[PDB]
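**Student:** Can you read through this structure? Questions will come right after.
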Amino acid sequence: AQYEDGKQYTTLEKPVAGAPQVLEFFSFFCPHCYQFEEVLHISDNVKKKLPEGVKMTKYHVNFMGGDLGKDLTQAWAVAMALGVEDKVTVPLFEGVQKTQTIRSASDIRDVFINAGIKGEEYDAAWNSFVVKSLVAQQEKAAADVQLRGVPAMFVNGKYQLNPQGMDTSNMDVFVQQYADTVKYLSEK
Ligand SMILES: O=C(O)c1sc(Cc2ccccc2)nc1-c1ccccc1
């Protein structure tokens with residue numbers, strides 16, 4: 001076939017009941033995640049090729065960056081709760097990987113403050129049980145598929161994208177091959 005298990009995607013031995021339709025995992029410590037966000041815009045390009053209104057979900061993971069990696073999963077929980085993902089993703093990625101000015105939870109907080117989130121509303125979210133729960137939910141989603149690598153995308157809790165099965169001679173072809181594969185997988 002044109003699409004084959006083992007090539008553009010792999011199939012989960014343990015299908016995940018009730019997982020989100022399009023599920024991405026990333027780490028602000030992940031170098032290809034940096035690319036996926038800044039260079040490739042994987043998410044937007046998948047969204048343009050999916051039917052309107054369908055849910056894409058994106059979660060942070062703990063297993064890179066030790067203490068700070070976990071701080072970052074909590075910060076991502078804060079961004080989701082406040083709905084400011086678009087405001088802090090680039091500055092968080094660059095703070096960790098480009099300028100390397102993010103070395104503590106306080107530095108992470110600075111990024112939100114600079115992006116115009118009020119100090120009071122940051123700290124309140126950071127400390128909230130709503131956020132504790134959003135941290136739990138990110139961990140659980142990752143756990144359900146024994147995630148050991150990012151960036152990762154899962155479709156309908158069954159299928160996992162295999163980016164290394166795709167052309168990397170050309171960034172634009174990669175992206176469209178990636179997006180087209182997600183579309184195909186969602187139509188199963
Ligand atoms: O498999 C690889 O080497 C590449 S290439 C890439 C971005 C890109 C595309 C086209 C041209 C230049 C760069 N992401 C990956 C990747 C690797 C492991 C897991 C997930 C993704």
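We name chains A, B, ... following the order of the structure tokens; residues begin at 1 in each chain, and ligands are numbered from 1 as shown.
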Identify, on the basis of only C-alpha atoms, every residue whose closest approach to residue 14 of chain A does not exceed 12 Å; exclude the query and any residue fewer than 4 positions from it along the same chain; express the result as number ranges by chain.

**Tutor:** A: 10, 143-146, 157-160

**Student:** Env of residue 42 of chain A: 8 Å cut, atoms = only C-alpha atoms, seq-sep filter 4 positions within chain, self excluded. Answer as a short mmCIF file (atom, residue, chain, number, x, y, z; two decimals) with N, CA and C atoms, in the first residue's frame.

**Tutor:**
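Saved file result.cif follows:
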data_model
loop_
_atom_site.label_atom_id
_atom_site.label_comp_id
_atom_site.auth_asym_id
_atom_site.auth_seq_id
_atom_site.Cartn_x
_atom_site.Cartn_y
_atom_site.Cartn_z
N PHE A 36 9.77 21.43 15.05
CA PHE A 36 8.34 21.25 14.80
C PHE A 36 7.54 22.51 15.07
N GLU A 37 7.92 23.23 16.11
CA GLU A 37 7.26 24.48 16.44
C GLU A 37 7.71 25.63 15.54
N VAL A 46 -0.91 20.40 10.27
CA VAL A 46 -1.84 19.30 10.48
C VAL A 46 -3.28 19.85 10.61
N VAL A 175 6.73 18.05 6.17
CA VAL A 175 5.53 18.60 6.78
C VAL A 175 4.26 18.12 6.07
N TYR A 178 3.78 14.50 6.63
CA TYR A 178 3.37 14.31 8.01
C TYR A 178 1.88 14.61 8.15
N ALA A 179 1.47 15.80 7.70
CA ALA A 179 0.07 16.22 7.77
C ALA A 179 -0.86 15.29 6.99
#

**Student:** Give the residue list for ligand 1 at 9 Å, counting only C-alpha atoms and all ligand atoms, as a PyMOL selection string, sorted by chain and then by residue number.

**Tutor:** chain A and resi 31-33+35-36+39-40+149-152+161-175

**Student:** Which residues are close to residue 61 of chain A, i.e. within 9 Å by only C-alpha atoms, leaving aside same-chain residues fewer than 6 positions away? Reply as a PDB file with N, CA and C atoms, in the first residue's frame.

**Tutor:**
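What landed in around25.pdb:
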ATOM      1  N   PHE A  25       2.898  15.078  21.880  1.00  0.00           N
ATOM      2  CA  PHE A  25       3.721  15.244  23.068  1.00  0.00           C
ATOM      3  C   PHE A  25       5.003  15.936  22.665  1.00  0.00           C
ATOM      4  N   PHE A  26       5.442  16.876  23.501  1.00  0.00           N
ATOM      5  CA  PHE A  26       6.666  17.622  23.252  1.00  0.00           C
ATOM      6  C   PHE A  26       7.353  17.950  24.569  1.00  0.00           C
ATOM      7  N   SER A  27       8.594  18.402  24.466  1.00  0.00           N
ATOM      8  CA  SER A  27       9.323  18.933  25.610  1.00  0.00           C
ATOM      9  C   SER A  27      10.018  20.197  25.141  1.00  0.00           C
ATOM     10  N   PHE A  28      10.011  21.218  25.980  1.00  0.00           N
ATOM     11  CA  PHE A  28      10.723  22.427  25.648  1.00  0.00           C
ATOM     12  C   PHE A  28      12.228  22.166  25.616  1.00  0.00           C
ATOM     13  N   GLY A  69      12.428  20.096  33.670  1.00  0.00           N
ATOM     14  CA  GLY A  69      11.491  19.408  32.801  1.00  0.00           C
ATOM     15  C   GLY A  69      10.124  19.298  33.447  1.00  0.00           C
ATOM     16  N   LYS A  70      10.113  19.002  34.744  1.00  0.00           N
ATOM     17  CA  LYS A  70       8.867  18.876  35.483  1.00  0.00           C
ATOM     18  C   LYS A  70       8.239  20.244  35.766  1.00  0.00           C
ATOM     19  N   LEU A  72       8.443  22.581  33.771  1.00  0.00           N
ATOM     20  CA  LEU A  72       7.931  23.018  32.475  1.00  0.00           C
ATOM     21  C   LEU A  72       6.567  22.382  32.159  1.00  0.00           C
ATOM     22  N   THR A  73       6.366  21.154  32.625  1.00  0.00           N
ATOM     23  CA  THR A  73       5.072  20.474  32.484  1.00  0.00           C
ATOM     24  C   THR A  73       4.002  21.199  33.333  1.00  0.00           C
ATOM     25  N   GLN A 138      -1.612  15.276  31.723  1.00  0.00           N
ATOM     26  CA  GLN A 138      -0.488  15.196  30.789  1.00  0.00           C
ATOM     27  C   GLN A 138       0.335  13.960  31.076  1.00  0.00           C
ATOM     28  N   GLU A 139       0.625  13.730  32.346  1.00  0.00           N
ATOM     29  CA  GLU A 139       1.381  12.545  32.739  1.00  0.00           C
ATOM     30  C   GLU A 139       0.638  11.275  32.349  1.00  0.00           C
ATOM     31  N   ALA A 142       0.699  10.496  28.484  1.00  0.00           N
ATOM     32  CA  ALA A 142       2.016   9.964  28.178  1.00  0.00           C
ATOM     33  C   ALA A 142       2.158   8.525  28.658  1.00  0.00           C
ATOM     34  N   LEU A 147       5.360   6.439  26.509  1.00  0.00           N
ATOM     35  CA  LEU A 147       6.113   7.412  25.733  1.00  0.00           C
ATOM     36  C   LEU A 147       7.561   7.528  26.189  1.00  0.00           C
ATOM     37  N   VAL A 150      10.020  12.111  22.052  1.00  0.00           N
ATOM     38  CA  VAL A 150       9.260  13.215  21.483  1.00  0.00           C
ATOM     39  C   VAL A 150      10.106  13.886  20.398  1.00  0.00           C
TER      40      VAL A 150
END

**Student:** Leaving out residue 185 of chain A and any residue of its chain fewer than 3 positions from it, which residues lie within 8 Å of it when counting only C-alpha atoms, given as a compact mmCIF listing (two decimals) with C-alpha atoms, in the first residue's frame?

**Tutor:**
# COMPACT_ATOMS: atom_id res chain seq x y z
CA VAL A 155 -4.22 9.48 16.25
CA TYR A 159 -1.76 5.07 15.66
CA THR A 181 -0.42 10.94 7.09
CA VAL A 182 -2.33 12.32 10.07
CA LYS A 188 -9.65 5.16 9.49

**Student:** Do you have, as a tab-separated table, the list of residues of segment 11-75 of chain A lying at most 10 Å from segment 108-122 of chain A, each with its nearest atom pair and that distance in Å to one decimal, counting only C-alpha atoms and ordered by chain then number?

**Tutor:**
residue	atom	partner	partner_atom	distance
A:68	CA	A:108	CA	9.1
A:71	CA	A:108	CA	8.2
A:72	CA	A:108	CA	7.6
A:75	CA	A:108	CA	7.4

**Student:** Using the selection just defined, write its residues with N, CA, C and O atoms as a PDB file, in the first residue's frame.

**Tutor:**
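Ended up saving to out.pdb:
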ATOM      1  N   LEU A  68      13.746  20.797  35.981  1.00  0.00           N
ATOM      2  CA  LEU A  68      13.173  21.862  35.179  1.00  0.00           C
ATOM      3  C   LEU A  68      12.151  21.289  34.190  1.00  0.00           C
ATOM      4  O   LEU A  68      11.123  21.908  33.916  1.00  0.00           O
ATOM      5  N   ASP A  71       9.077  21.240  36.067  1.00  0.00           N
ATOM      6  CA  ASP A  71       8.597  22.616  36.190  1.00  0.00           C
ATOM      7  C   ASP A  71       7.898  23.038  34.894  1.00  0.00           C
ATOM      8  O   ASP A  71       6.883  23.760  34.907  1.00  0.00           O
ATOM      9  N   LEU A  72       8.443  22.581  33.771  1.00  0.00           N
ATOM     10  CA  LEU A  72       7.931  23.018  32.475  1.00  0.00           C
ATOM     11  C   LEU A  72       6.567  22.382  32.159  1.00  0.00           C
ATOM     12  O   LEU A  72       5.708  23.006  31.534  1.00  0.00           O
ATOM     13  N   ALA A  75       4.240  24.451  34.104  1.00  0.00           N
ATOM     14  CA  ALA A  75       4.054  25.715  33.379  1.00  0.00           C
ATOM     15  C   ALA A  75       3.164  25.548  32.157  1.00  0.00           C
ATOM     16  O   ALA A  75       2.352  26.432  31.843  1.00  0.00           O
TER      17      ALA A  75
END

**Student:** May I ask for the distance between atom CA of residue 78 of chain A and atom CA of residue 125 of chain A, given in Å to one decimal place?

**Tutor:**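 If I compute the distance from atom CA of residue 78 of chain A to atom CA of residue 125 of chain A, I get 5.8 Å.
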
**Student:** Taking only C-alpha atoms into account, which of A:56, A:30, A:19, A:134 comes nearest residue 79 of chain A?

**Tutor:**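 When distances to residue 79 of chain A are compared using only C-alpha atoms, the smallest one comes from A:134.
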
**Student:** When you draw a straight line from atom CA of residue 34 of chain A to atom CA of residue 95 of chain A, how long is it in Å?

**Tutor:**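 If I compute the distance from atom CA of residue 34 of chain A to atom CA of residue 95 of chain A, I get 11.2 Å.
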
**Student:** Go ahead and compute the interatomic distance for atom CA of residue 153 of chain A and atom CA of residue 53 of chain A, in Å to one decimal.

**Tutor:**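 Distance between the two atoms: 18.3 Å.
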